[PDB]
Amino acid sequence: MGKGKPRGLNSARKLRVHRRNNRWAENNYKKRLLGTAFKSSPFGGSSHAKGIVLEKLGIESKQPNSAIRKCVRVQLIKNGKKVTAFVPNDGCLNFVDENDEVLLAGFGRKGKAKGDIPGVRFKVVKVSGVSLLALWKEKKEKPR
Amino acid sequence: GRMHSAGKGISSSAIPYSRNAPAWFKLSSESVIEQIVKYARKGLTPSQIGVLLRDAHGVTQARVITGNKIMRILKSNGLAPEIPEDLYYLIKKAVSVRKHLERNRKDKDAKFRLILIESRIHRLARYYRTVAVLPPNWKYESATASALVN
Amino acid sequence: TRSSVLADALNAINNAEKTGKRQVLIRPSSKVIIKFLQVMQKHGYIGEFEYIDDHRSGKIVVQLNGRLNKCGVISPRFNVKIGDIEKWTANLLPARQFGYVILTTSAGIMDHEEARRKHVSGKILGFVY
RNA sequence: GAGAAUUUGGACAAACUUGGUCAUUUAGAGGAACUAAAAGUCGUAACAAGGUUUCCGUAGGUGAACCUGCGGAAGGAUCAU
RNA sequence: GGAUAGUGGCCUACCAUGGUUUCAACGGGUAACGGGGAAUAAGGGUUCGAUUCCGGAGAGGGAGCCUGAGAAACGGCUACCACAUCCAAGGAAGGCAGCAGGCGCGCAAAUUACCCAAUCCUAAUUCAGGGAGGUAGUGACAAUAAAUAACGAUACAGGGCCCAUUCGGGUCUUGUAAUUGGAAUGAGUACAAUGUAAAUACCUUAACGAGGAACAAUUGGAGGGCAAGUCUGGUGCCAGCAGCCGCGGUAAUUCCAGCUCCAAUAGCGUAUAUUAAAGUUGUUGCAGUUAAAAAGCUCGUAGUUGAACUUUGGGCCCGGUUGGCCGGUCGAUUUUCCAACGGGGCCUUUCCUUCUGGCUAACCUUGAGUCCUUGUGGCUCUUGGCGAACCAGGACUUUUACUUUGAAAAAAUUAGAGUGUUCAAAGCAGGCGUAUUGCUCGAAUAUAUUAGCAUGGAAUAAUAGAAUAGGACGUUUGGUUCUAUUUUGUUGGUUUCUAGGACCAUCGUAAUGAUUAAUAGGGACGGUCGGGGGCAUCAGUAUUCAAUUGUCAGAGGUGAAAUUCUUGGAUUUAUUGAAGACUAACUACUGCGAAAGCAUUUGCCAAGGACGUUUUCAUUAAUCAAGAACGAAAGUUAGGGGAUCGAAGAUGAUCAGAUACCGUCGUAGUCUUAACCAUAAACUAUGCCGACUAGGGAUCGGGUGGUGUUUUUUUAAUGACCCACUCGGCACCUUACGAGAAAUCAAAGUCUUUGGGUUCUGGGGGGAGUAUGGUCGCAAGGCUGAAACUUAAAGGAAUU
RNA sequence: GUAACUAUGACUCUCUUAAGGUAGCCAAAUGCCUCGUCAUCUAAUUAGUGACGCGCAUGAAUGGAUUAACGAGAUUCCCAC
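Residues numbered from 1 in each chain as written, not as in the entry; some residues may be left out. Chains lettered and ligands numbered in written order. Part of a larger assembly, values for the part shown. Heavy atoms only, no water.

As documented in the archive entry, the model was determined using cryo-EM at 2.9 Å resolution.

Right, here's the structure in full:
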């Protein structure tokens with residue numbers, strides 16, 4: 001009837017060291033402490049990133065769905081890693097272009113895949129300074 | 001309990017409530033002390049003398065009759081052995097198993113129980129060192145127990 | 001070895017009062033046990049108890065009235081301060097009206113109600129609802 | 001009397017070369033992998049006694065699952081003389 | 001010793017060998033300057049703090065140094081390294097992590113503005129200076145307040161009511177109307193004055209400024225979670241949406257649109273961190289038989305934890321709050337009849353160790369006594385001694401944790417008191433009179449649970465004290481080394497006396513004295529008890545082979561066969577002999593052992609539990625990082641041995657193939673000696689020590705009983721076996737109130753009514769028990785052991 | 001010879017007699033083509049080294065693959081000279 005853990009009044013060392021060890025099994029803690037955000041993670045553990053679009057891509061959706069997901073492969077200005085970002089509305093692949101500048105952001109799932117889209121963890125929000133929403137709703141026009 | 005096994009035996013001696021002598025006993029402290037001392041002169045130990053007095057005579061317990069324990073009486077008369085009983089007999093049992101171990105070298109049940117006897121000697125020693133019944137610098141190694149018992 | 005004696009005494013009283021028995025036998029019986037039983041007795045969670053004086057730690061035979069629901073020990077005797085008694089009597093007891101948390105105070109073994117009226121504190125022993 | 005360059009040794013000590021040792025970053029012809037993805041080829045190993053009960057440790061063999069030996073376990077298909 | 005302003009291995013010389021560390025030294029990392037604080041909000045916490053205050057550091061990187069009270073200064077100098085300028089080619093000048101501004105870097109941040117007027121600072125100093133600092137500009141980082149409309153009349157409706165005479169008279173109200181008409185205000189805009197250093201903006205204001213198309217409010221959504229469409233047009237597994245489950249494949253409430261509708265609203269969404277949610281880090285407070293997880297098992301240091309017992313009593317007065325009969329009274333307050341709470345004195349053997357002076361107010365007492373209705377009513381005052389009003393010196397205290405109260409705890413922040421900044425976030429102002437000379441309340445308080453300092457308590461927890469007494473106490477009495485003021489007329493000396501140190505030698509005084517046997521453990525002892533251990537012996541068939549012997553056509557082996565041997569008699573029969581394994585039947589819900597394991601016999605050597613015990617020691621204990629011993633099988637070395645069986649391999653079947661399952665052979669393989677290895681579904685998939693909660697057998701020990709059986713040597717002394725009752729421990733099993741997701745259970749119960757001690761392990765599934773690095777090993781491998789990336793489930797139990 | 005796919009590990013037959021070179025290793029002192037191809041060493045390398053292998057004509061006591069130390073052995077590079 002001891003409940004495993006020590007219950008001495010002089011056991012604060014053990015009770016603290018046991019948490020210090022067993023905290024590593026937590027997901028949030030481990031990656032905040034080992035700094036996984038700053039080694040892996042193309043964004044280098046930041047909110048957004050900028051990049052120049054290499055190719056237009058047609059990624060095939062995962063099996064229960066069927067579509068062409070109109071992604072864009074983009075080299076990150078920040079570090080030089082090449083990632084694949086999704087273009088976030090109907091006829092926006094025709095808006096972005098090849099060789100243009102792009103503001104990326106996470107896909108709202110913190111380093112995982114959003115739905116059926118295989119191996120896309122990022123999303124285009126702006127092209128050449130002007131947002132991919134305003135051009136879509138026909139509010140702002142691309143520069144030059 | 002039984003620290004060196006899974007044994008849980010409760011075999012013991014429930015000493016009588018009477019804190020005074022048995023009402024049927026005569027020849028008080030004087031004669032019994034003389035019989036204790038002359039038994040210790042013959043070379044028997046407090047653990048044997050308490051038995052001999054319970055068996056052959058009417059000495060139910062030594063401390064209730066006299067007001068003095070048996071080895072406390074031997075230390076009063078300066079007729080106490082060099083090392084106490086507990087350690088003496090445990091050392092004797094460690095020498096017993098070890099003197100057979102060197103002949104019969106695959107007795108891994110003997111080697112196991114040798115470690116048990118030896119690691120019980122060491123726990124006694126640490127106690128008898130703390131309470132100063134034994135001098136410090138005292139430790140049983142091997143081939144020196146041969147000197148301790150004889 | 002048995003690490004505490006108040007522990008198994010209070011447990012034994014609880015295990016009996018679970019089944020609605022009218023008496024318990026406590027084997028070890030310390031002065032601390034007797035003093036805890038006396039504080040239980042005062043508020044009326046306990047009837048009378050005999051102390052059989054076998055030339056040893058002795059034993060107790062307590063008599064219950066089926067009023068006591070919960071009766072436990074806090075094993076590690078936490079150094080409580082009167083600034084934080086409310087944090088204990090809010091975490092251990094049913095709300096506020098009844099029940100008592102038992103402190104081994106310097107003035108002696110008492111409840112939180114009594115320790116407040118005196119304006120003194122010590123450690124924690126246990127509780128009774 | 002003042003007193004400049006100059007220079008005699010001292011400690012302070014940058015900086016230079018020279019190897020050393022540790023850390024981080026990183027190129028590499030080839031080699032041996034692992035995951036994923038439509039399932040495309042080959043069988044059908046497992047789930048029923050899955051058609052050889054399954055599984056563990058270990059040892060060997062084999063296109064592939066796997067197969068076989070030894071010891072063990074029922075989470076067995078027996079809670080039985 | 002030197003040096004320093006000074007202390008110091010700070011430095012020098014000469015010596016000694018020290019110092020830190022499993023209570024984590026040292027080494028590595030920090031996308032680390034510390035703190036006051038910040039976000040979240042049951043409590044406990046978690047995360048962060050470059051940044052308005054305090055401290056530390058640095059001025060591209062190191063080092064050096066002058067001047068000075070102050071610097072190892074950088075808007076000072078010197079050198080070197082880096083980078084950089086202008087050059088007339090000889091030289092010269094550099095240091096924005098001060099303000100502004102430019103590059104660059106990026107997801108990511110403002111004006112090369114005005115001023116000393118406020119806050120202050122500096123100076124020879126009322127004046128000068130100040131990119132300190134303020135003012136305006138940029139400025140949806142945050143924060144406060146709150147416009148985007150309000151009101152009737154006119155036509156329709158509905159909803160309470162008289163009788164529902166069908167009446168509705170609608171006599172009141174809740175709205176609907178592209179009908180309608182006057183009143184309102186800033187949003188702007190601008191004379192003005194105010195503001196200000198000067199201005200801008202606010203505050204206040206001339207004149208102008210509202211009518212649906214405006215002075216136009218968005219942002220994200222409508223299948224579920226989740227408030228809100230089973231409404232139209234388009235697309236047709238595409239385009240797409242979709243945090244997640246999912247929607248779209250020709251009628252989509254999910255796509256793109258229209259129309260309605262919803263949530264928040266001058267904001268709303270989006271991405272990434274973080275807090276709650278999260279009892280998914282659990283101290284409060286997790287989970288571990290089967291869902292992830294008891295570390296194969298025992299020993300063991302550190303660590304954590306550790307039974308009981310020492311003053312309990314019973315009284316013998318006085319004083320604090322709060323309700324008490326009440327108002328004892330003027331809807332503001334005190335008395336008893338009378339309690340509760342928290343206390344000091346005093347003794348019941350109880351002692352805060354008590355001294356020398358000052359202080360003793362004081363009667364334990366009287367120096368004359370007596371102011372006086374007959375009074376043990378009351379003091380002008382003081383012999384002998386009180387001490388407890390009262391220290392400041394003595395001067396020794398067996399020590400801690402714990403808790404009480406207090407002290408100093410910066411401000412800002414936080415909580416919070418007061419106050420109409422028009423309200424509020426704020427601010428620390430204000431308030432009220434003749435408002436002519438005025439007066440006046442404020443700027444409180446509280447937490448800062450660490451450490452240090454004082455303070456009271458002495459319940460819980462530990463430590464020592466008297467054991468070869470070197471124990472305690474004194475009107476005991478003796479010698480020593482002492483020191484030491486006072487008078488020896490003046491200090492100085494020999495021996496003094498006297499006081500106070502400490503030391504033994506005696507004398508006494510004490511209760512002539514002095515420490516509990518844990519249904520905790522260790523050990524001894526007694527008769528047992530086991531298929532526990534080892535070493536040597538003894539046996540039994542069997543299996544294979546061999547020698548001989550008798551028979552004359554098959555035998556094997558199969559679901560069926562074939563390889564296989566056989567007439568030179570195979571298989572079968574018998575008499576033997578050999579070799580190496582193996583311990584059948586008895587053999588069990590039975591035993592022993594730390595686990596692995598251990599079943600022929602006898603002998604030897606040691607051990608071990610259990611029981612019994614009016615023996616002994618007396619806390620010696622529980623669990624345990626590190627560190628160790630044993631550890632099936634297989635496997636590896638090298639020697640024997642190799643009968644049987646059999647990985648590999650040979651080979652016959654089956655097969656579609658089947659280098660497998662079935663058949664016949666068959667190396668290695670261990671069974672053995674020495675040395676390794678150290679893993680198993682090493683399992684009861686249930687850590688150990690400890691306590692409590694509820695029928696039958698059976699192992700071992702002991703206690704009673706039976707005039708039971710056997711017992712013969714006369715009746716039997718018994719003894720054993722057996723029977724009944726009884727316990728202690730054991731391996732269990734059968735029924736069940738509590739527990740668990742259930743299967744289920746003697747613990748998996750005593751668990752949101754959560755705490756006996758303690759060790760180990762787990763945090764979705766994969767990747768993966770993989771890589772790497774150490775470590776061990778002859779090798780095979782063992783121990784420790786990640787991440788990238790991937791995924792919405794995988795899994796446990798029960799139901800149909 | 002057929003076969004996923006774009007180079008094929010599943011089928012099929014006939015065997016040079018008996019077996020079809022297994023584990024290994026290599027342009028090796030054994031590779032004709034050959035100065036093989038790829039990397040590396042150099043400014044430049046028919047050389048050296050490390051890999052690749054349908055190897056004219058490698059290979060298991062005619063021993064194969066390693067291998068510390070040793071060598072007046074054959075070879076390549078570097079520093080000193």
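**Student:** Which parts of the structure should I look at to understand the overall build of chain B?
**Tutor:** What chain B contains, in helices and strands, is seven helices and zero strands. Order of helices (α) and strands (β) in chain B, N terminus to C terminus: α-α-α-α-α-α-α. Compactness check: chain B gives a C-alpha radius of gyration of 19 Å against a globular reference of 15 Å for 150 residues, more than 25% above the reference. Structurally, chain B occupies a C-alpha span of about 55 × 35 × 30 Å along its principal axes. Burial status across chain B gives 27% buried among its 150 residues. Considering only contacts in chain B between residues 6 or more positions apart, those separated by 24 or more positions represent 64%. Counting only carbon and sulfur atoms, one obtains 52% of the accessible surface of chain B, whose full area is about 10900 Å². (Helix = DSSP H or I, 4+ residues; strand = E, 2+ residues; numbered from the N terminus. Rg over C-alpha atoms; globule rule 2.2 N^0.38 Å. Buried < 20%, exposed > 50% of the residue type's maximum accessible area, 1.4 Å probe, protein only. Contact = heavy atoms within 4.5 Å. Areas by Shrake-Rupley, 256 points an atom, 1.4 Å probe, with all protein chains shown as cover.)

**Student:** Can you walk me through the state of the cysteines in this structure?
**Tutor:** Disulfides are covalent bonds that link the sulfur atoms of two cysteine residues. Residues and elements named next belong to chain A. Summed over all chains, the structure comprises zero disulfides over all chains. Take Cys92: it sits in no disulfide, and the sulfur closest to it among the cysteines is that of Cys71, at 13 Å. Take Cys92: its relative accessible area is 0%, and that puts it in the buried class. (Disulfide = S-S within 2.5 Å.)

**Student:** Before we go on, may I ask you to explain a nonpolar patch on the surface in this structure?
**Tutor:** Judged by side-chain polarity, A:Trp24, A:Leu33 and A:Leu34 come together as a nonpolar surface patch covering roughly 280 Å² of accessible area. Within the secondary structure, A:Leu34 sits in helix α2 (residues 27–34). (Patch = residues over 30% accessible without salt bridge, like charges linked within 9 Å, V, L, I, M, F, W, Y side chains within 5 Å. Salt bridge = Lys/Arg side-chain N within 4 Å of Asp/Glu carboxyl O.)

**Student:** Before we go on, may I ask you to explain the arrangement of the chains in this structure?
**Tutor:** Highest in contacts among the two pairs of chains that touch are chains A and C. Taking C-alpha atoms only, the smallest gap left between chain A and chain B, which are not in contact, amounts to 18 Å.

**Student:** I'm lost on helix α6 (residues 108–130) of chain B in this one. Help?
**Tutor:** Helical geometry: 3.6 residues make up each α-helical turn, so side chains three or four residues apart lie on a common side. Residues and elements named next belong to chain B. The first and last C-alpha atoms of α6 sit 33 Å apart over 23 residues, in line with the 33 Å expected at 1.5 Å per residue. Where α6 is buried, its residues contact α5 (85–101). Within two residues after α6, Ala132 carries a phi angle of roughly 70°, on the positive side. (Expected span 1.5 Å × (residues − 1).)

**Student:** Help me understand the sheet that holds strand β1 (residues 24–26) of chain C, please; the structure alone is not making it clear to me.
**Tutor:** In any sheet, the strands associate via hydrogen bonds between backbone groups, in a parallel or an antiparallel arrangement. Residue and element names in this part refer to chain C. Spatially, the three strands line up as an open sheet ordered β1-β3-β2, and their pairing is antiparallel. Edge positions in the sheet fall to β1 and β2 (49–52), since each has one partner strand and no second. Ignoring which end each strand starts from, the neighbouring axes of this sheet average 20° apart. As judged from the four bridges shared by β2 and strand β3 (residues 59–62), these two strands associate in the antiparallel manner. Paired with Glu50 across the bridge in β3 is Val61. (Pairing = 2+ DSSP bridges. Axes fitted to C-alpha atoms, helices over the stretch in contact; angles between N-to-C directions.)

**Student:** Explain the packing of helix α1 (residues 6–18) of chain C against helix α2 (residues 31–43) of chain C here, please?
**Tutor:** The geometry of a pair of packed helices is captured by two quantities: the angle between their axes and the separation between those axes. Residue and element names in this part refer to chain C. The N-to-C vectors of α1 and α2 enclose an angle of 40°; their axes lie 10 Å apart at closest approach. The pairing of α1 with α2 is recorded here as oblique in orientation. Relative to α2, the crossing made by α1 is right-handed. Seen from α1, the contacting residues are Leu6, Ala9, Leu10 and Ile13; seen from α2, they are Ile33, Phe36, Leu37 and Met40. In terms of residue class, the contact of α1 with α2 is made up of eight nonpolar, no polar and no charged. (Parallel < 35°, antiparallel > 145°, perpendicular 65-115°, else oblique. Left-handed = near helix turned anticlockwise from the far one by under 90°. Nonpolar A, V, L, I, M, F, W, Y, C, P; charged D, E, K, R; others polar.)

**Student:** Explanation requested: the domain arrangement of chain B in the structure shown.
**Tutor:** Often the size quoted for an interface is simply the accessible area lost on bringing the parts together. All names here are of chain B. Splitting chain B by domain gives domain 1 (26–80) and domain 2 (81–150). Each side of the interface is counted separately: domain 1 has six residues, and domain 2 has four residues. Carbon and sulfur atoms supply 57% of the area that domain 1 and domain 2 bury against each other, a total of about 420 Å² over both sides. When the area that domain 1 buries against domain 2 is broken down by residue, the three leading residues are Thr45, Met71 and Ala80, summing to 71%. Counting the contacts that link domain 1 with domain 2 gives zero salt bridges. There are two residue pairs in polar contact connecting domain 1 and domain 2. Per-class residue counts for the side of domain 1 that touches domain 2 are three nonpolar, three polar and no charged. (Domains from an automatic or database assignment. Buried area = accessible area lost by both parts, 1.4 Å probe. Polar contact = N/O pair within 3.5 Å; in protein donor to acceptor, adjacent residues only side chain to side chain.)

**Student:** Would you mind showing me how to read the pattern of salt bridges here?
**Tutor:** Pairing of side chains with opposite charge becomes possible as their charged atoms draw close. Residue and element names in this part refer to chain A. Going through the model one piece at a time under the given rule, you end up with ten salt bridges over all chains. In this structure, the salt-bridge partner of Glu26 is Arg23, at a minimum N-O distance of 3.0 Å. By relative accessible area, which is 39% here, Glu26 ends up partly exposed. Linking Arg69 and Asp116 is a salt bridge whose minimum nitrogen-to-oxygen distance equals 2.8 Å. Highlighted residues: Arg69 in the loop between β1 (48–57) and β2 (71–76) and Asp116 in the loop between β4 (101–106) and β5 (122–127), separated in sequence by 47 residues. Using a relative accessible area of 13% as the deciding quantity, one classes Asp116 as buried. Here the salt bridges do not stand alone but share partners, grouping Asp97, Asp100 and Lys142 into one network.

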